[PDB]
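Trainee: Sharing a structure here in structure tokens format.
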There are 2 protein chains.
Amino acid sequence: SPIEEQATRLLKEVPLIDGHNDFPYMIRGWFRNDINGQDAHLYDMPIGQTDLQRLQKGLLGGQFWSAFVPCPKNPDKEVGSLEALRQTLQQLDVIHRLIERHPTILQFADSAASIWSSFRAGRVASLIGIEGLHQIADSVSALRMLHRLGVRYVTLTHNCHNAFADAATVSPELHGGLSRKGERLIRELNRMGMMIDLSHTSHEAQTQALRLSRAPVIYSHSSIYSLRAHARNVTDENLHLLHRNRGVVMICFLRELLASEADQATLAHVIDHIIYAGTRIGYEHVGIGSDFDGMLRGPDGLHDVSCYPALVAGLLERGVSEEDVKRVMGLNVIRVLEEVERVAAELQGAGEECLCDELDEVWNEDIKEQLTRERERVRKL
Amino acid sequence: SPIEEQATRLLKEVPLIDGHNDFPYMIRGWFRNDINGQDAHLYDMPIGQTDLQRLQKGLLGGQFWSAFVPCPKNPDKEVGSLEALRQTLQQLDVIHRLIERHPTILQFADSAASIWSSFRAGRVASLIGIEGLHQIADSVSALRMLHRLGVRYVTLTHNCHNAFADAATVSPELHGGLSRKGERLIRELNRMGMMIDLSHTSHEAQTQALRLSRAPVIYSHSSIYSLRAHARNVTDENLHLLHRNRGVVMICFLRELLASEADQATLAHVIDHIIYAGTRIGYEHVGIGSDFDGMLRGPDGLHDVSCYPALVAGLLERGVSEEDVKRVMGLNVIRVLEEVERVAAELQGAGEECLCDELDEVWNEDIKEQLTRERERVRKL
Ligand SMILES: [Cl-]
Ligand SMILES: [Cl-]
Ligand SMILES: [Cl-]
Ligand SMILES: [Cl-]
Ligand SMILES: [Cl-]
Ligand SMILES: [Cl-]
Ligand SMILES: [Mn+2]
Ligand SMILES: [Mn+2]
Ligand SMILES: [Mn+2]
Ligand SMILES: [Mn+2]
């Protein structure tokens, strides 16, 4: 078919970069992060919507792999919060090991340049995002270390309120958008060069974040509220504020977010959502954010990671231009990452102060006096 | 003076690389890791044996900065262990910020090549080590992420027994050397390319580690048992096993480890310890491991980081050759790091299996059956 031949050409010319895939959590569920001698299964998985053979088959150019861990359920909130931090390091560890053990397929990327170099070499650009600020255990120091471990976006919440922002699905509201700590964290996220992800956050938290952020943000996996009213989808108000922000809405394949009856959801519905956003806020502010492996079953025609060529072909069939399809595929999210890094370099170049954690005093006045007395003795020498 | 002129030449030709300095913990004590607008104090500190002016003055070529946090004291052992992990990320964070905010003085290094490039550029090669396996919260995943954050040695214990090994200063013995987990961790440390540090560990733990390790190890800050009997010093038995291991003993300036009466300890005593080791196991297996800022007061003549030229001059005065002084200064620890990286590349190249954490099951049989049923449905399409 001419249209399928065109879709294949686009997928080789420009990387399709998906905003969110939970394959690392499936590895934790199935293998418990022990992938030694499991290549036969990693290439052909007995569960889930992602494996390394189907990943090649769908011609995906890049992927933000999710380092998600669940919201803490422990009655002791200090334990649960700290447990989430350790689990985050476990998920970052298995992602890095997955990439390093399969270097012909996957190549780690943390920038626009590293995405392109991976794509030129014929590998899936493998980026990392965490899904919720519960994962950092109220530590901005930990967050900067997660950035150093390769995390390039942070979803502000998952399905739980945290100290920084409100989640969409939980009620009643705690902060009513962002907290004062949340507002201050937006500045730090912009300064360090971390992409803000507004998926899973409340409508009011999106509005506040979209006005406050000095860099473009993303929705890593959210769809359109006007087509399907859901707390997880993006309102027309926030779509416009995303345009002013210069951000990108990466459209989700979650059936609940595409149709009132989940079993009615299709590839056509995903294309409707992409075209709605592209028509109203321009095709330079729309992306693809599957949420593959964050669901049991996908829409008809988008059952797994092998189905991306049907999405590219489907967009071309509806009359979206090649250049606009290339934008939706990956150029837009590359631009956002590039601009986030530019803003960070600008703010770091200007010598902006970093956000520090509130630490306990480890020395009393007796120890501090001993140290100052000792220093003075050394000055006498 | 001719000898001081010779010492200055050696310090410009070859980097003096110190094995252990706790300046990052002094920053946590004094500033609580908030160094914004504190450059005047960071260059001229009101406390401690390290600041950026005195660091330049002593002509130090490189430094393993300690990311130490105390042994957990919480009655709830799960909380205390997880707290230590978060505190470790705080200390790694402040070390990276200290380096990044002072790029004319400090440059991050994690390899032999990066040490030399830093030294050619006229900067202190800034490496990182953690002091105790209590810092990883029983997580090998976390340990691999610490390696990715720039940690290049791990002291197996501090002043507390952990799940892997026995500390020197604590009695009674728990494991009687290394545990079974400890033995297995030695293989993983060798595989990932992490230097094993045997300072603070028991004599029996040293003996077992020195026989088991496939890469050379270090003592980041330990002195000689035969000259001064202390649990923290290295016995003649372990000195010989260090020779077979190809490791390096980096001699400590702790007054308690140099003399029976601490107030009698001197620069001359440090030189006696270096010459003892150099005479008996060769000058290619001896280094300098101050432990500056791990003590209130240092020996007479080694009061702070500005005093390294007196140590180099003192060694030359005693009849140690230029080439052997250059070895003790830094070439030896560079060799150990280089060999640790070579062994890791060899084992990783051969496809050796990594040590994985014991994780809980997150899915029950009902969820796993749903996933396999779903996968089969996709295979039918
Ligand atoms: Cl290009
Ligand atoms: Cl699921
Ligand atoms: Cl704290
Ligand atoms: Cl060289
Ligand atoms: Cl102290
Ligand atoms: Cl666990
Ligand atoms: Mn997810
Ligand atoms: Mn999600
Ligand atoms: Mn120390
Ligand atoms: Mn110590």
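Every number here is computed from the coordinates shown, using simple stated rules; none is lab data. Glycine gets a Cβ as well: all are built from the backbone with ideal geometry, and neighbour counts include every protein chain shown.
Trainee: For the stretch B:26-45, which residues satisfy the criterion of being in contact with a helix residue (DSSP H, G or I) (Cβ under 7 Å, 6 or more places away or on another chain) and farther than 20 Å from B:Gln56 by Cβ?
Mentor: Listed by number, the residues that qualify are B:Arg28, B:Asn33.
Trainee: Taking the options B:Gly294, B:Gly282, B:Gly298, name whichever one is of a type outside the set (D, E, K, R), on the phi > 0 side of the Ramachandran plot and out of contact with any strand residue (DSSP E or B) (no Cβ under 6 Å at 6 or more places or on another chain). I'd like the intermediate steps shown before the answer.
Mentor: On the way: B:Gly294 fails: on the phi > 0 side of the Ramachandran plot; B:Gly298 fails: on the phi > 0 side of the Ramachandran plot.
Being of a type outside the set (D, E, K, R), on the phi > 0 side of the Ramachandran plot and out of contact with any strand residue (DSSP E or B) (no Cβ under 6 Å at 6 or more places or on another chain) holds for just one of B:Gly294, B:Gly282, B:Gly298, which is B:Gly282.
Trainee: Would you be able to tell me the number of residues in the stretch A:189-219 that are closer than 20 Å to A:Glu341 by Cβ and within 17 Å of the chain's Cα centre (by Cα)? Outline the logic, then answer.
Mentor: Residues of the stretch A:189-219 closer than 20 Å to A:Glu341 by Cβ: A:189-198, A:209-210, A:212-219.
Within this subset, residues satisfying the condition of being within 17 Å of the chain's Cα centre (by Cα) are A:189-190, A:192-198, A:209-210, A:213, A:215-219.
Summing the residues that are closer than 20 Å to A:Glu341 by Cβ and within 17 Å of the chain's Cα centre (by Cα) in the stretch A:189-219 gives 17.
Trainee: Next question. Are any residues in the stretch A:51-88 without any contact (Cβ under 8 Å) to a residue 40 or more places away in the chain and of a type in the set (A, V, I, L, M, F, W, C), and if so, which ones?
Mentor: The answer is A:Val79, and nothing else.
Trainee: Mind listing just one residue for me: the one in the stretch B:13-29 that is touching a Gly at 6+ places or on another chain (Cβ under 9 Å) and away from chain A (no Cβ under 14 Å) and, of those, farthest from B:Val305 (Cα to Cα)?
Mentor: It comes out as B:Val14.
Trainee: Would you tally the residues in the stretch A:85-110 being among the β-branched types (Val, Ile, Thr), closer than 9 Å to A:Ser126 by Cβ and surrounded by 21 or more Cβ atoms within 10 Å (Cβ to Cβ)?
Mentor: Of the residues in the stretch A:85-110, 1 are among the β-branched types (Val, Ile, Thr), closer than 9 Å to A:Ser126 by Cβ and surrounded by 21 or more Cβ atoms within 10 Å (Cβ to Cβ).
Trainee: Here is a follow-up. Among B:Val340, B:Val305, B:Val328, B:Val362, which is the only one that is touching a strand residue (DSSP E or B) at 6+ places or on another chain (Cβ under 6 Å) and under 30 Å from A:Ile27 (Cβ atoms)?
Mentor: The conditions single out B:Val340.
Trainee: If you don't mind, there's one more thing I want to ask. Please state which one of A:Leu106, A:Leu156 is of a type outside the set (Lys, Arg), farther than 26 Å from A:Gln208 by Cβ and in contact with an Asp or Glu (Cβ under 9 Å, 6 or more places away or on another chain).
Mentor: Going through A:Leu106, A:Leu156 in turn, the sole match is A:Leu106.
Trainee: Has the stretch B:148-168 got at least one residue that is in a helix (DSSP H, G or I) and surrounded by fewer than 20 Cβ atoms within 10 Å (Cβ to Cβ)?
Mentor: Kept after step one, since they are in a helix (DSSP H, G or I), are these residues of the stretch B:148-168: B:148.
Imposing the further condition that a residue be surrounded by fewer than 20 Cβ atoms within 10 Å (Cβ to Cβ) reduces the set to B:148.
Scanning the stretch B:148-168, I find at least one residue that is in a helix (DSSP H, G or I) and surrounded by fewer than 20 Cβ atoms within 10 Å (Cβ to Cβ), so the answer is yes.
Trainee: Right, here's the next one. Read through the list (1) under 26 Å from B:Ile136 (Cα atoms); (2) away from ligand 2 (no atom under 16 Å from the Cβ), then give the number of the only condition that B:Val362 fails.
Mentor: (2)
Trainee: Can you pull out the residues in the stretch A:132-163 that are closer than 17 Å to A:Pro70 by Cβ, touching a residue at least 60 places away in the same chain (Cβ under 8 Å) and of a type in the set (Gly, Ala, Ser)?
Mentor: A:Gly132
Trainee: For the subset of the stretch A:202-226 comprising residues that are within 16 Å of ligand 7 (Cβ to nearest atom) and in contact with a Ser or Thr (Cβ under 9 Å, 6 or more places away or on another chain), which member is nearest to the other protein chains (Cβ to nearest Cβ)? Talk me through it step by step, then tell me what you get.
Mentor: Taking the stretch A:202-226 as the starting set, the residues that turn out to be within 16 Å of ligand 7 (Cβ to nearest atom) are A:218-223.
Then keep just the ones that are in contact with a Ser or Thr (Cβ under 9 Å, 6 or more places away or on another chain); that gives A:218-222.
On the way: A:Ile218: 25, A:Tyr219: 26, A:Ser220: 22, A:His221: 19, A:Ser222: 24 Å.
Checked the stretch A:202-226; the qualifying residue nearest to the other protein chains (Cβ to nearest Cβ) is A:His221.
Trainee: Could we say that B:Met295 is within 16 Å of ligand 5 (Cβ to nearest atom) and more than 9 Å from chain A (Cβ to nearest Cβ) here?
Mentor: Working: within 16 Å of ligand 5 (Cβ to nearest atom): yes; more than 9 Å from chain A (Cβ to nearest Cβ): yes.
So B:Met295 passes the test.
Trainee: In the set A:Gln63, A:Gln53, A:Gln87, which member is within 16 Å of ligand 7 (Cβ to nearest atom), polar (S, T, N, Q), within 25 Å of B:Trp363 (Cβ to Cβ) and within 14 Å of chain B (Cβ to nearest Cβ)?
Mentor: Numbers: A:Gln63 fails: within 14 Å of chain B (Cβ to nearest Cβ); A:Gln53 fails: within 16 Å of ligand 7 (Cβ to nearest atom).
Exactly one of A:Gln63, A:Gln53, A:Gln87 is within 16 Å of ligand 7 (Cβ to nearest atom), polar (S, T, N, Q), within 25 Å of B:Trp363 (Cβ to Cβ) and within 14 Å of chain B (Cβ to nearest Cβ), namely A:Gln87.
Trainee: Let me ask something else. Is it true that some residue in the stretch B:87-99 is farther than 30 Å from B:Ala163 by Cα, away from ligand 9 (no atom under 16 Å from the Cβ) and acidic (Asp, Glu)?
Mentor: No, every residue in the stretch B:87-99 fails to be farther than 30 Å from B:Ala163 by Cα, away from ligand 9 (no atom under 16 Å from the Cβ) and acidic (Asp, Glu).
Trainee: Taking the options B:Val340, B:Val336, name whichever one is under 30 Å from A:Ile95 (Cβ atoms) and touching a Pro at 6+ places or on another chain (Cβ under 7 Å).
Mentor: On the way: B:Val336 fails: under 30 Å from A:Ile95 (Cβ atoms).
Result: B:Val340 is the single residue among B:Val340, B:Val336 that is under 30 Å from A:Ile95 (Cβ atoms) and touching a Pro at 6+ places or on another chain (Cβ under 7 Å).
Trainee: Shifting gears a bit: Please return the ranges of helices (runs of 4 or more DSSP H) entirely within the stretch B:287-381 where 2 or more residues are surrounded by 15 or more Cβ atoms within 10 Å (Cβ to Cβ) and in contact (Cβ under 8 Å) with a residue 12 or more places away in the chain.
Mentor: Per the criteria, B:308-317, B:322-326, B:332-349.
Trainee: Next up: Select from the stretch B:35-48 the residues that are closer than 20 Å to B:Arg297 by Cβ, of a type outside the set (A, V, I, L, M, F, W, C) and at the interface with chain A (Cβ under 8 Å from one of its Cβ atoms) and list them in ascending order. Outline the logic, then answer.
Mentor: The first filter runs over the stretch B:35-48 and keeps only residues closer than 20 Å to B:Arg297 by Cβ, leaving B:44-48.
Next cut, of a type outside the set (A, V, I, L, M, F, W, C) only: B:44, B:46, B:48.
Listed by number, the residues that qualify are B:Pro46, B:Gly48.
Trainee: Let me ask something else about it. For B:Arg32, state whether it is at positive phi, of a type in the set (D, E, K, R) and within 12 Å of chain A (Cβ to nearest Cβ).
Mentor: Numbers: at positive phi: yes; of a type in the set (D, E, K, R): yes; within 12 Å of chain A (Cβ to nearest Cβ): yes.
Yes, satisfied.
Trainee: May I pose another question? Could you tell me whether A:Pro70 is within 16 Å of ligand 8 (Cβ to nearest atom) and either surrounded by fewer than 24 Cβ atoms within 10 Å (Cβ to Cβ) or facing chain B (nearest Cβ under 10 Å) (or both)? Full working, then the answer.
Mentor: Working: within 16 Å of ligand 8 (Cβ to nearest atom): yes; either surrounded by fewer than 24 Cβ atoms within 10 Å (Cβ to Cβ) or facing chain B (nearest Cβ under 10 Å) (or both): yes.
When the stated conditions are applied, A:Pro70 passes them.
Trainee: Yes or no: the stretch B:112-135 includes at least one residue that is within 14 Å of another protein chain (Cβ to nearest Cβ) and charged (D, E, K, R). Don't jump to the end; show me each part of the working.
Mentor: Filtering the stretch B:112-135 for residues within 14 Å of another protein chain (Cβ to nearest Cβ) gives B:128, B:130, B:134-135.
Now restrict to residues that are charged (D, E, K, R): none.
The answer is no; no qualifying residue exists.
Trainee: Within the stretch A:64-84, restricting attention to residues that are touching a strand residue (DSSP E or B) at 6+ places or on another chain (Cβ under 9 Å) and under 30 Å from A:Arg123 (Cα atoms), which residue is nearest to ligand 6 (Cβ to nearest atom)?
Mentor: Taking the stretch A:64-84 as the starting set, the residues that turn out to be touching a strand residue (DSSP E or B) at 6+ places or on another chain (Cβ under 9 Å) are A:64-69, A:71.
Checking the rest, the ones that are also under 30 Å from A:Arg123 (Cα atoms) come to A:64-69.
Values: A:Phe64: 24, A:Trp65: 20, A:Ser66: 18, A:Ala67: 15, A:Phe68: 15, A:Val69: 10 Å.
Here the answer is A:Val69.
Trainee: Which pairs do you get when a residue that is closer than 13 Å to A:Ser290 by Cβ, found in the stretch A:239-255, comes within reach of a residue that is basic (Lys, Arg), reach meaning Cβ atoms under 8 angstrom, with the pair 6+ apart or on two chains?
Mentor: A:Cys252/A:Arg232; A:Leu254/A:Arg232; A:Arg255/A:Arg297
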